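Asks: The structure under discussion is supplied below as structure tokens; questions concerning it will follow.
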Amino acid sequence: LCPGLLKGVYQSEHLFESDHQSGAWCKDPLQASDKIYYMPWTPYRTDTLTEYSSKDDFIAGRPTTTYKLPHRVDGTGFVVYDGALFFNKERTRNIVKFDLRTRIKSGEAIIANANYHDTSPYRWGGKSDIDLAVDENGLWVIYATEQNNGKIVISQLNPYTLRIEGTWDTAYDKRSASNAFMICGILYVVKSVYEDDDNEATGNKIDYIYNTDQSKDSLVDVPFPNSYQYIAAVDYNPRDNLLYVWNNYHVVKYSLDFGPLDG
Amino acid sequence: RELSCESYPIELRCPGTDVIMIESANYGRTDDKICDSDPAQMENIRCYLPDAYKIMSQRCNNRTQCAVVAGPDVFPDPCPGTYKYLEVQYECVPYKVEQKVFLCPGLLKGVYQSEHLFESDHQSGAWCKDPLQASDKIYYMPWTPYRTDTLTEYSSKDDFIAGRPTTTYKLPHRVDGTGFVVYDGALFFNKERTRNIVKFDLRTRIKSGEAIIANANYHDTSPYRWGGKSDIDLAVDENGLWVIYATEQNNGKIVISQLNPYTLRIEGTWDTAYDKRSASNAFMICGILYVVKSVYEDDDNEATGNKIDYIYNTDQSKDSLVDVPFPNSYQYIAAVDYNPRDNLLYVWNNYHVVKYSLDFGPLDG
Amino acid sequence: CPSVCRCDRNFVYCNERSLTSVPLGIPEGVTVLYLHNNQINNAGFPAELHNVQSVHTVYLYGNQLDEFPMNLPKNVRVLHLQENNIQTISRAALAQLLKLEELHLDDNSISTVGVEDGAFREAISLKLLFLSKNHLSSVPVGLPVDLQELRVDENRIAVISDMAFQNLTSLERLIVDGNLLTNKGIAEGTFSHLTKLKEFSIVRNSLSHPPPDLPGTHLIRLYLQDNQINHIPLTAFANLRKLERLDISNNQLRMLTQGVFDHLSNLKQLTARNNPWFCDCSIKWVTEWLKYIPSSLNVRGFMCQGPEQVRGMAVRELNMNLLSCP
Amino acid sequence: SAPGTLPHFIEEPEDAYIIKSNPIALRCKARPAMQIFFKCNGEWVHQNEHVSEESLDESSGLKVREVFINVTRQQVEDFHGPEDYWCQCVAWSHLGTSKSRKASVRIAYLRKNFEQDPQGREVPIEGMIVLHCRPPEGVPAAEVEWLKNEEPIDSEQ
Amino acid sequence: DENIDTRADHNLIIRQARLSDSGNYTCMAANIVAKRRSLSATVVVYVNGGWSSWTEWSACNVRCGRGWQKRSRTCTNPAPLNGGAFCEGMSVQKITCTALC
Ligand SMILES: *[C@@H]1O[C@H](CO)[C@@H](O)[C@H](O)[C@H]1NC(C)=O
Ligand SMILES: *[C@@H]1O[C@H](CO)[C@@H](O)[C@H](O)[C@H]1NC(C)=O
Ligand SMILES: *[C@@H]1O[C@H](CO)[C@@H](O)[C@H](O)[C@H]1NC(C)=O
Ligand SMILES: *[C@@H]1O[C@H](CO)[C@@H](O)[C@H](O)[C@H]1NC(C)=O
Ligand SMILES: [Ca+2]
Ligand SMILES: [Ca+2]
Ligand code: NA
Ligand code: NA
């Protein structure tokens, strides 16, 4: 299933320009469907998910149905796994499982020692303390603990039992990072330059990687594209092998290159 | 859940010895048919206050019973000409509390030199870290008379020494003195030629409020021994936000007042015996004032200084004469601020940016 | 020491005491005199006050004055006459205080006609003049020759004469921001005779392009924000070989001509957020210039507004070699 | 030949109150005047916001100028200063300038519940009684009027 | 004093703030059981500002042509007291004069 190690990230598609400066968007990689799940981020007001029938309807702004969530969502770590929505509940270190078919909450898991509600978010903040990821290995939780001194802590989560099936501690600080994504059980840390930081001129590149199987880390230099400056969320889809990036008010899709440098 | 309209106090109580825990709080209007008033005030059904949770957690949380007056005394007005209400969702949990961070370290026994970062281009200025937000962000403001209007943000300690800034904030008004401080992602500063404290949210990059410190002397009237419009000094400790100043009613002597970081109002006033112009700087720890008396460049037949010679308790309202040796390597002490998260002093002394380590007594009483 | 007024050491505190005049009992050892936030009218100034030689700093802000005061302490260096109603400036008043170096006249009702011809020139030792937040329509004529800082901002100044900045060679900081100033208002090379000028600012005005014939001999900082600058001519930024900080943000600029910044060799920072930059072939030189630029120079704010295809994108990086432009 | 003096104000700006998000403008009249501008909350108001009307009054010989400036609800609710949203008027003449009254724009409101309702009393034929009344909170301050059996009473009667 | 009187329904009425000036007034109830003191009320009398009489016109600064003449009007008759409202209007008066040469 694994395509290999990441070599370079490149621009692929530009859908539209949304009214919100932050948010996230993704497709369910388990279910063979062209359904798009849209999430606009509003501080202390995020509580609805928008479903779209196809790519054409998403650009035209023709929604199929809107889900009314039981609790307020914190951050841009929205992920869909086999017809169920996985989100971080506001002012808590708790993933919440919500089945889209039945439209009812199926579970609530406590991510142990995890920092929450603007304590340890990404560079831009916005309560992005807990970020969910989907790859070839399964469901993952990217967060930070005070035990690791604000550094990124990655844990595999079971999508059924909602329990931690392993914990890994990295050397990279979460607030220093812009966003992160999982591919073949390998973490990719994105470092980027933001808006209103008129002092900054540095290049936006991926400078850190962490393998779960080997439990070893390395310093990389993979150039990351940034047409705009406010990078909100970066999610990987294992079915299409593309990145679901939300930069500034715009909603984009990124193409990925792979190398066979893996044991 | 609990609900109460404007100017109507709310009551919260858990059974037995159980503690109250706030989940979601909002002060404004979401629904129009809950409260009963004039229909003109009910036209706007989209009023919100995010700081509502922060206020309730500071008063109701880790307590058996709670009574908060839903008005301007505890909650700042978000939308004027609209009849507001308080919506609170709470759960009953055991009576356990979290240690070290909020808790008082004791009485100051001795100050020692800890870190030397660099030697800034300006003789006087001020630097600090936000103790509420768990981040390694450093806020820098080098004071330039009749020209201070910018606050510089640094990503880490390494970037601060190397001189690599993250972002610079363009303030709406000119700043007077080296008394600024940062409290929960908001900047508090003394506006030039005024006895006013300006609240500026760093996230939104807009002014949220302006408070008048009553009878306070301003603009080189009653500053510290070095002058430089130091008339009003802001402090942060275990007790909260504080304002160190001087009034003509107290005859130039130091007047300390607790300020609410949300309502921007005086929640108590205390008068001391120490003259502000005789003092080099001051800092708050556990609601106790520590007066710094230092020696300066150009001091005719002078050697007396580099000490903490006076203390003032707010809870007891009693004062004492101390003799805690204070480090002063370079003579011009510009600013001394205490950070309750790290329990260290943030000093600026004659171009030098230094951090001081603290030692505490076995008890505080 | 006075009874109503409470003196403290080498200072006199007559502040916020509802006084309409200066108290009589003033010692001959005082250095700083505080009389601010009172109701002192221009009529309540005794002659004995002038005789107190020892006083070097006087604070009279937030009072109820009409004219510049008479019989002020002879050997005064710094004066604070702000937040009141000063409308008339006389030659005889400034002739008394010869040793005056720093003068603040902020938030007053000072008009061009109200000031006597060459009244500021009487204060021979004057270096800092703050005519900020007044009712000024133009820069006064008779200014001090040895002046270093003229802060004549936040007024209603629409026109500037060439003779307004005559003999002011020694001037270093000129702040004329927040006025009704246009390019028709500025005279043909008025600022050219200010060799020692280091900082210049015309922010929040109404300039259609930068003022031509600017001094470059000592200029380090140039600020041109919130103006209606449509375009920048090539000649405008040349011969400014000493400049380090330039800001042109919040302007009506669409495109720039190649080599407009070729003489700004000492340039450390350039700011150009919020500008309607139309990204076509006119921005090809901008992207290339941004790539070969040293770490010494920080250029920020370059973001596209047109067309919809490249909307909101940073001019720092191009895609597919700027399409089919080269 | 005409007499030259400082500008004299005729229609000084009066305190405005915003009702149901309807933006209410401020009036200003002076003579002799060539330029009239507004200084709201310490700083000058932009030239574009001003609407001038150089209408010459018959009753007076010199040139009269009238300027109006609109103040929206969004301007007042987003202003986070220490004092109430105030405005002043500055007029220009060949001799000098003159300032007007500080007109304070406020958000108009009124409560339903009375602060203190009048209390009923039993009083003898020669005895004296005082009826207390505390009106509800509102801007501006409420105008209290007394009614004896749903009909007003005249204090001068 | 005729200006101050005690009412049957326990009220203190002051007609003019001249015959009974400012102070910290406190109400006290007495009974055969004991006495009780109430919270003191801070009654402060304020004097509003009133303009003083006009001065004389000054001599024309310019010898030949357009000249100037000044007249001052201070806020001292009466001067504001205990936080009284300040004087309304302008403080200075200026007129153009022509001196014959
Ligand atoms: C008090 O309650 C707050 C609310 O979560 C909690 O964070 C804090 O640790 C508790 N203890 C103390 C001493 O504040
Ligand atoms: C001012 O400069 C002019 C030459 O531009 C010179 O002739 C004049 O004498 C100077 N004024 C003084 C007082 O030196
Ligand atoms: C602005 O003021 C003018 C009068 O000066 C008025 O005619 C106009 O309608 C006002 N604008 C609005 C939106 O009412
Ligand atoms: C009341 O006023 C008197 C002076 O007349 C003062 O001494 C006293 O302390 C004041 N009491 C209060 C509570 O203000
Ligand atoms: Ca992510
Ligand atoms: Ca301090
Ligand atoms: Na996600
Ligand atoms: Na400080």
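Identifiers in this document derive from the order of the structure tokens: chains are assigned A, B, ..., residues are numbered from 1 separately in each chain, and ligands are numbered from 1 in order of occurrence.
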Using only C-alpha atoms and all ligand atoms, find each protein or nucleic acid residue lying at most 9 Å from ligand 1; present the set as a short mmCIF file (atom, residue, chain, number, x, y, z; two decimals) with N, CA and C atoms, in the first residue's frame.

Replies:
```
data_model
loop_
_atom_site.label_atom_id
_atom_site.label_comp_id
_atom_site.auth_asym_id
_atom_site.auth_seq_id
_atom_site.Cartn_x
_atom_site.Cartn_y
_atom_site.Cartn_z
N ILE B 20 -17.18 22.92 41.45
CA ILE B 20 -17.78 23.39 40.20
C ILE B 20 -16.70 23.45 39.09
N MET B 21 -17.04 22.98 37.87
CA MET B 21 -16.16 22.98 36.71
C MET B 21 -16.90 23.51 35.47
N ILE B 22 -16.51 24.70 34.98
CA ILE B 22 -17.13 25.35 33.81
C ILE B 22 -16.69 24.65 32.52
N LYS B 54 -13.00 32.48 30.93
CA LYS B 54 -11.82 32.90 31.69
C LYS B 54 -12.20 33.55 33.03
N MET B 56 -15.27 33.14 34.71
CA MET B 56 -15.96 32.11 35.50
C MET B 56 -14.99 31.09 36.12
N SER B 57 -13.92 30.74 35.40
CA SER B 57 -12.90 29.80 35.87
C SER B 57 -12.06 30.38 37.01
N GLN B 58 -11.86 31.71 37.00
CA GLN B 58 -11.09 32.42 38.03
C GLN B 58 -11.88 32.62 39.33
N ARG B 59 -13.22 32.53 39.27
CA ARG B 59 -14.08 32.76 40.44
C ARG B 59 -14.84 31.53 40.95
N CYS B 60 -15.50 30.77 40.05
CA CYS B 60 -16.32 29.61 40.41
C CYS B 60 -15.55 28.30 40.52
N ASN B 61 -14.60 28.03 39.60
CA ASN B 61 -13.81 26.80 39.59
C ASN B 61 -12.97 26.60 40.85
N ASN B 62 -12.84 25.33 41.28
CA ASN B 62 -12.12 24.86 42.47
C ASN B 62 -12.74 25.41 43.78
N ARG B 63 -14.09 25.57 43.78
CA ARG B 63 -14.90 26.06 44.90
C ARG B 63 -16.25 25.33 44.99
N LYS B 96 -10.29 18.42 44.11
CA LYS B 96 -8.85 18.48 43.83
C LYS B 96 -8.43 19.76 43.08
N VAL B 97 -7.24 20.30 43.43
CA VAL B 97 -6.65 21.53 42.85
C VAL B 97 -5.24 21.29 42.25
N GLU B 98 -4.85 22.10 41.24
CA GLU B 98 -3.53 22.01 40.58
C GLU B 98 -2.51 22.97 41.23
N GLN B 99 -1.35 22.41 41.62
CA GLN B 99 -0.27 23.07 42.37
C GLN B 99 0.80 23.80 41.53
N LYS B 100 1.71 24.52 42.25
CA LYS B 100 2.92 25.25 41.84
C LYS B 100 2.72 26.52 40.97
N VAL B 101 2.01 26.42 39.83
CA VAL B 101 1.83 27.52 38.87
C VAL B 101 1.07 28.74 39.48
N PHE B 102 -0.12 28.53 40.07
CA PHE B 102 -0.91 29.61 40.68
C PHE B 102 -0.37 29.98 42.06
N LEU B 103 0.10 28.96 42.81
CA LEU B 103 0.58 29.06 44.18
C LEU B 103 1.82 29.91 44.40
#
```

Asks: Taking the chain letters and numbering used in this document, name the residues of segment 252-323 of chain B that DSSP puts in strand (DSSP E or B), as a PDB file with N, CA, C and O atoms, in the first residue's frame.

Replies:
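Result saved to states.pdb:
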```
ATOM      1  N   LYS B 253       4.204  59.551  47.486  1.00  0.00           N
ATOM      2  CA  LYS B 253       4.474  58.179  47.923  1.00  0.00           C
ATOM      3  C   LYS B 253       3.779  57.158  47.007  1.00  0.00           C
ATOM      4  O   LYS B 253       2.768  57.483  46.377  1.00  0.00           O
ATOM      5  N   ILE B 254       4.344  55.938  46.918  1.00  0.00           N
ATOM      6  CA  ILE B 254       3.862  54.844  46.071  1.00  0.00           C
ATOM      7  C   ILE B 254       2.453  54.381  46.471  1.00  0.00           C
ATOM      8  O   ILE B 254       2.187  54.114  47.644  1.00  0.00           O
ATOM      9  N   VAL B 255       1.557  54.326  45.476  1.00  0.00           N
ATOM     10  CA  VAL B 255       0.170  53.890  45.604  1.00  0.00           C
ATOM     11  C   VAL B 255      -0.003  52.662  44.702  1.00  0.00           C
ATOM     12  O   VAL B 255       0.227  52.747  43.494  1.00  0.00           O
ATOM     13  N   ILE B 256      -0.374  51.519  45.293  1.00  0.00           N
ATOM     14  CA  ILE B 256      -0.562  50.269  44.552  1.00  0.00           C
ATOM     15  C   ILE B 256      -2.031  49.900  44.457  1.00  0.00           C
ATOM     16  O   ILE B 256      -2.738  49.908  45.462  1.00  0.00           O
ATOM     17  N   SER B 257      -2.493  49.608  43.237  1.00  0.00           N
ATOM     18  CA  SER B 257      -3.882  49.260  42.971  1.00  0.00           C
ATOM     19  C   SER B 257      -4.025  48.039  42.075  1.00  0.00           C
ATOM     20  O   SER B 257      -3.362  47.954  41.040  1.00  0.00           O
ATOM     21  N   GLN B 258      -4.910  47.104  42.459  1.00  0.00           N
ATOM     22  CA  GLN B 258      -5.182  45.917  41.659  1.00  0.00           C
ATOM     23  C   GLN B 258      -6.154  46.292  40.542  1.00  0.00           C
ATOM     24  O   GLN B 258      -7.179  46.930  40.798  1.00  0.00           O
ATOM     25  N   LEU B 259      -5.810  45.921  39.303  1.00  0.00           N
ATOM     26  CA  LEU B 259      -6.624  46.201  38.127  1.00  0.00           C
ATOM     27  C   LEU B 259      -7.160  44.904  37.520  1.00  0.00           C
ATOM     28  O   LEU B 259      -6.427  43.916  37.422  1.00  0.00           O
ATOM     29  N   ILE B 266     -10.447  49.535  38.948  1.00  0.00           N
ATOM     30  CA  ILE B 266      -9.691  49.405  40.196  1.00  0.00           C
ATOM     31  C   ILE B 266     -10.473  48.537  41.209  1.00  0.00           C
ATOM     32  O   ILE B 266     -11.574  48.909  41.630  1.00  0.00           O
ATOM     33  N   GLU B 267      -9.888  47.384  41.581  1.00  0.00           N
ATOM     34  CA  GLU B 267     -10.466  46.421  42.525  1.00  0.00           C
ATOM     35  C   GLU B 267      -9.784  46.504  43.908  1.00  0.00           C
ATOM     36  O   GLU B 267      -9.707  45.503  44.630  1.00  0.00           O
ATOM     37  N   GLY B 268      -9.323  47.704  44.264  1.00  0.00           N
ATOM     38  CA  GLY B 268      -8.652  47.972  45.531  1.00  0.00           C
ATOM     39  C   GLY B 268      -7.470  48.905  45.384  1.00  0.00           C
ATOM     40  O   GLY B 268      -6.748  48.828  44.391  1.00  0.00           O
ATOM     41  N   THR B 269      -7.262  49.783  46.381  1.00  0.00           N
ATOM     42  CA  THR B 269      -6.185  50.780  46.419  1.00  0.00           C
ATOM     43  C   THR B 269      -5.460  50.731  47.774  1.00  0.00           C
ATOM     44  O   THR B 269      -6.106  50.638  48.820  1.00  0.00           O
ATOM     45  N   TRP B 270      -4.120  50.791  47.742  1.00  0.00           N
ATOM     46  CA  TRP B 270      -3.260  50.769  48.928  1.00  0.00           C
ATOM     47  C   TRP B 270      -2.224  51.890  48.863  1.00  0.00           C
ATOM     48  O   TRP B 270      -1.617  52.096  47.812  1.00  0.00           O
ATOM     49  N   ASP B 271      -2.015  52.608  49.981  1.00  0.00           N
ATOM     50  CA  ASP B 271      -1.048  53.704  50.068  1.00  0.00           C
ATOM     51  C   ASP B 271       0.156  53.298  50.914  1.00  0.00           C
ATOM     52  O   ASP B 271      -0.016  52.822  52.037  1.00  0.00           O
ATOM     53  N   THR B 272       1.374  53.476  50.370  1.00  0.00           N
ATOM     54  CA  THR B 272       2.622  53.119  51.065  1.00  0.00           C
ATOM     55  C   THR B 272       3.322  54.356  51.670  1.00  0.00           C
ATOM     56  O   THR B 272       2.829  55.478  51.524  1.00  0.00           O
ATOM     57  N   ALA B 273       4.464  54.138  52.355  1.00  0.00           N
ATOM     58  CA  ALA B 273       5.262  55.190  52.989  1.00  0.00           C
ATOM     59  C   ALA B 273       6.489  55.608  52.151  1.00  0.00           C
ATOM     60  O   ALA B 273       7.084  56.654  52.425  1.00  0.00           O
ATOM     61  N   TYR B 274       6.857  54.800  51.135  1.00  0.00           N
ATOM     62  CA  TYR B 274       8.010  55.033  50.262  1.00  0.00           C
ATOM     63  C   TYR B 274       7.691  56.001  49.121  1.00  0.00           C
ATOM     64  O   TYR B 274       6.668  55.837  48.460  1.00  0.00           O
ATOM     65  N   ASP B 275       8.591  56.983  48.873  1.00  0.00           N
ATOM     66  CA  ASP B 275       8.483  57.975  47.795  1.00  0.00           C
ATOM     67  C   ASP B 275       8.908  57.325  46.478  1.00  0.00           C
ATOM     68  O   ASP B 275       9.958  56.688  46.426  1.00  0.00           O
ATOM     69  N   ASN B 281      12.895  51.105  41.083  1.00  0.00           N
ATOM     70  CA  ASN B 281      11.843  50.271  40.482  1.00  0.00           C
ATOM     71  C   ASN B 281      11.117  49.436  41.547  1.00  0.00           C
ATOM     72  O   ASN B 281      11.525  49.426  42.711  1.00  0.00           O
ATOM     73  N   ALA B 282      10.017  48.767  41.155  1.00  0.00           N
ATOM     74  CA  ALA B 282       9.212  47.947  42.058  1.00  0.00           C
ATOM     75  C   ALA B 282       8.564  46.761  41.347  1.00  0.00           C
ATOM     76  O   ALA B 282       8.297  46.828  40.142  1.00  0.00           O
ATOM     77  N   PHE B 283       8.309  45.674  42.104  1.00  0.00           N
ATOM     78  CA  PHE B 283       7.689  44.448  41.596  1.00  0.00           C
ATOM     79  C   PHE B 283       6.775  43.775  42.620  1.00  0.00           C
ATOM     80  O   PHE B 283       6.990  43.906  43.827  1.00  0.00           O
ATOM     81  N   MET B 284       5.746  43.064  42.122  1.00  0.00           N
ATOM     82  CA  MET B 284       4.747  42.364  42.937  1.00  0.00           C
ATOM     83  C   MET B 284       4.938  40.850  42.905  1.00  0.00           C
ATOM     84  O   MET B 284       5.148  40.288  41.830  1.00  0.00           O
ATOM     85  N   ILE B 285       4.860  40.197  44.087  1.00  0.00           N
ATOM     86  CA  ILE B 285       4.925  38.740  44.303  1.00  0.00           C
ATOM     87  C   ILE B 285       3.932  38.421  45.440  1.00  0.00           C
ATOM     88  O   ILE B 285       4.094  38.947  46.541  1.00  0.00           O
ATOM     89  N   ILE B 288       2.520  41.183  47.442  1.00  0.00           N
ATOM     90  CA  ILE B 288       3.512  41.891  48.260  1.00  0.00           C
ATOM     91  C   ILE B 288       4.405  42.736  47.337  1.00  0.00           C
ATOM     92  O   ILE B 288       4.964  42.221  46.365  1.00  0.00           O
ATOM     93  N   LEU B 289       4.512  44.036  47.640  1.00  0.00           N
ATOM     94  CA  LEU B 289       5.323  44.988  46.886  1.00  0.00           C
ATOM     95  C   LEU B 289       6.757  44.969  47.395  1.00  0.00           C
ATOM     96  O   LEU B 289       6.979  44.887  48.602  1.00  0.00           O
ATOM     97  N   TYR B 290       7.723  45.025  46.473  1.00  0.00           N
ATOM     98  CA  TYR B 290       9.146  45.035  46.795  1.00  0.00           C
ATOM     99  C   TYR B 290       9.759  46.271  46.160  1.00  0.00           C
ATOM    100  O   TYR B 290       9.761  46.398  44.933  1.00  0.00           O
ATOM    101  N   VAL B 291      10.233  47.203  46.996  1.00  0.00           N
ATOM    102  CA  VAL B 291      10.814  48.463  46.532  1.00  0.00           C
ATOM    103  C   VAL B 291      12.328  48.348  46.348  1.00  0.00           C
ATOM    104  O   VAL B 291      13.039  48.042  47.308  1.00  0.00           O
ATOM    105  N   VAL B 292      12.810  48.605  45.117  1.00  0.00           N
ATOM    106  CA  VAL B 292      14.235  48.555  44.768  1.00  0.00           C
ATOM    107  C   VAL B 292      14.867  49.945  44.916  1.00  0.00           C
ATOM    108  O   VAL B 292      14.355  50.918  44.361  1.00  0.00           O
ATOM    109  N   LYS B 293      15.973  50.027  45.662  1.00  0.00           N
ATOM    110  CA  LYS B 293      16.739  51.253  45.858  1.00  0.00           C
ATOM    111  C   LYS B 293      18.127  50.948  45.313  1.00  0.00           C
ATOM    112  O   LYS B 293      18.825  50.116  45.885  1.00  0.00           O
ATOM    113  N   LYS B 307      19.727  47.556  46.838  1.00  0.00           N
ATOM    114  CA  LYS B 307      19.000  46.879  47.915  1.00  0.00           C
ATOM    115  C   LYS B 307      17.482  46.945  47.738  1.00  0.00           C
ATOM    116  O   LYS B 307      16.970  47.828  47.049  1.00  0.00           O
ATOM    117  N   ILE B 308      16.767  46.032  48.415  1.00  0.00           N
ATOM    118  CA  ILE B 308      15.311  46.016  48.548  1.00  0.00           C
ATOM    119  C   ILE B 308      15.171  46.489  49.999  1.00  0.00           C
ATOM    120  O   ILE B 308      15.578  45.770  50.915  1.00  0.00           O
ATOM    121  N   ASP B 309      14.703  47.723  50.210  1.00  0.00           N
ATOM    122  CA  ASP B 309      14.654  48.288  51.557  1.00  0.00           C
ATOM    123  C   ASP B 309      13.249  48.448  52.143  1.00  0.00           C
ATOM    124  O   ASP B 309      13.115  48.784  53.325  1.00  0.00           O
ATOM    125  N   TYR B 310      12.212  48.190  51.338  1.00  0.00           N
ATOM    126  CA  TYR B 310      10.825  48.335  51.771  1.00  0.00           C
ATOM    127  C   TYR B 310       9.938  47.277  51.147  1.00  0.00           C
ATOM    128  O   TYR B 310      10.142  46.900  49.988  1.00  0.00           O
ATOM    129  N   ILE B 311       8.945  46.809  51.921  1.00  0.00           N
ATOM    130  CA  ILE B 311       7.940  45.823  51.510  1.00  0.00           C
ATOM    131  C   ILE B 311       6.553  46.240  51.978  1.00  0.00           C
ATOM    132  O   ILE B 311       6.420  46.792  53.074  1.00  0.00           O
ATOM    133  N   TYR B 312       5.526  45.994  51.145  1.00  0.00           N
ATOM    134  CA  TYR B 312       4.141  46.308  51.495  1.00  0.00           C
ATOM    135  C   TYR B 312       3.182  45.177  51.120  1.00  0.00           C
ATOM    136  O   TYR B 312       3.063  44.827  49.941  1.00  0.00           O
ATOM    137  N   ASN B 313       2.504  44.603  52.134  1.00  0.00           N
ATOM    138  CA  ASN B 313       1.543  43.520  51.942  1.00  0.00           C
ATOM    139  C   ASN B 313       0.154  44.105  51.730  1.00  0.00           C
ATOM    140  O   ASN B 313      -0.222  45.043  52.432  1.00  0.00           O
ATOM    141  N   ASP B 319       3.315  47.343  56.444  1.00  0.00           N
ATOM    142  CA  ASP B 319       4.617  47.530  55.801  1.00  0.00           C
ATOM    143  C   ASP B 319       5.796  47.247  56.724  1.00  0.00           C
ATOM    144  O   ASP B 319       5.676  47.398  57.944  1.00  0.00           O
ATOM    145  N   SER B 320       6.943  46.858  56.135  1.00  0.00           N
ATOM    146  CA  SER B 320       8.179  46.558  56.862  1.00  0.00           C
ATOM    147  C   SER B 320       9.424  47.031  56.116  1.00  0.00           C
ATOM    148  O   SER B 320       9.408  47.145  54.890  1.00  0.00           O
TER     149      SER B 320
END
```

Asks: For residue 122 of chain D, please output as a list in words all residues within 12 Å (counting only C-alpha atoms; exclusion window: fewer than 5 positions along the same chain).

Replies: residues 127, 128, 129, 130 and 131 of chain D; 8 and 9 of chain E

Asks: Nearest to chain E: which of C:28, C:66, C:262, C:146 is it, counting only C-alpha atoms?

Replies: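 When distances to chain E are compared using only C-alpha atoms, the smallest one comes from C:66.
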
Asks: Find the spatial neighbours of residue 16 of chain A, counting only C-alpha atoms, within a cut-off of 8 Å - ignore same-chain residues fewer than 4 positions away - and output them as a PyMOL selection string.

Replies: chain A and resi 59+250-252

Asks: Keeping only N, CA, C and O atoms, write the selected residues to a file as a CSV table (one decimal), in the first residue's frame.

Replies:
```csv
chain,number,residue,atom,x,y,z
A,59,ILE,N,-16.9,23.6,-5.9
A,59,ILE,CA,-16.5,24.8,-6.5
A,59,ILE,C,-17.7,25.8,-6.7
A,59,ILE,O,-17.6,26.9,-6.3
A,250,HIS,N,-8.1,31.0,0.5
A,250,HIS,CA,-8.1,30.0,-0.6
A,250,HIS,C,-8.1,28.5,-0.1
A,250,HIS,O,-7.6,28.2,1.0
A,251,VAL,N,-8.6,27.6,-0.9
A,251,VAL,CA,-8.7,26.2,-0.7
A,251,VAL,C,-8.0,25.5,-1.9
A,251,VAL,O,-8.4,25.6,-3.0
A,252,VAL,N,-6.8,24.8,-1.6
A,252,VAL,CA,-6.0,24.2,-2.6
A,252,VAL,C,-5.7,22.7,-2.4
A,252,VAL,O,-6.0,22.2,-1.3
```

Asks: Using only C-alpha atoms and a cut-off of 8 Å, which residues of chain A sit close to chain B? Please list them as a ChimeraX atom specification.

Replies: /A:44,91,119-120,175-176,196-200

Asks: Return the neighbours of chain C among the residues of chain B, cut-off 10 Å, counting only C-alpha atoms, as an mmCIF file with C-alpha atoms, in the first residue's frame.

Replies:
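And here is the file that came out, selection_14.cif:
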```
data_model
loop_
_atom_site.group_PDB
_atom_site.id
_atom_site.type_symbol
_atom_site.label_atom_id
_atom_site.label_comp_id
_atom_site.auth_asym_id
_atom_site.auth_seq_id
_atom_site.Cartn_x
_atom_site.Cartn_y
_atom_site.Cartn_z
ATOM 1 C CA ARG B 193 0.705 62.531 28.603
ATOM 2 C CA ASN B 215 -5.503 60.700 40.920
ATOM 3 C CA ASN B 217 0.630 61.378 38.616
ATOM 4 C CA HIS B 219 4.465 62.340 32.435
ATOM 5 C CA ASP B 220 7.693 62.887 34.532
ATOM 6 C CA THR B 221 5.600 64.151 37.549
ATOM 7 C CA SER B 222 6.297 61.154 39.849
ATOM 8 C CA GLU B 248 -0.426 63.849 45.275
ATOM 9 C CA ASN B 251 2.350 63.176 48.846
ATOM 10 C CA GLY B 252 4.342 61.521 46.033
#
```

Asks: Just want the residues within 7 Å of ligand 4, written as a list in words, counting only C-alpha atoms and all ligand atoms.

Replies: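 Going residue by residue within 7 Å of ligand 4, we get residues 23, 24, 40 and 42 of chain E.
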
Asks: Let me have all residues with an atom within 9 Å of ligand 6, counting only C-alpha atoms and all ligand atoms, laid out as a ChimeraX atom specification.

Replies: /B:178-181,233-235,244,281-284,334-338,346-347

Asks: At a cut-off of 7 Å, which residues of chain C touch chain D? Count only C-alpha atoms and give the answer as a VMD selection string.

Replies: chain C and resid 109 111 113 to 114

Asks: Looking only at the backbone, which of the residues in segment 55-118 of chain C does DSSP tag as alpha helix (DSSP H), as a PyMOL selection string?

Replies: chain C and resi 91-96

Asks: Please find the residues contacting ligand 7 at a distance of at most 12 Å between atoms, with only C-alpha atoms and all ligand atoms counted, and report them as a ChimeraX atom specification.

Replies: /A:23-28,37-39,73-81,85-88,95,128-135,139-143,179-182,232-237,243-246
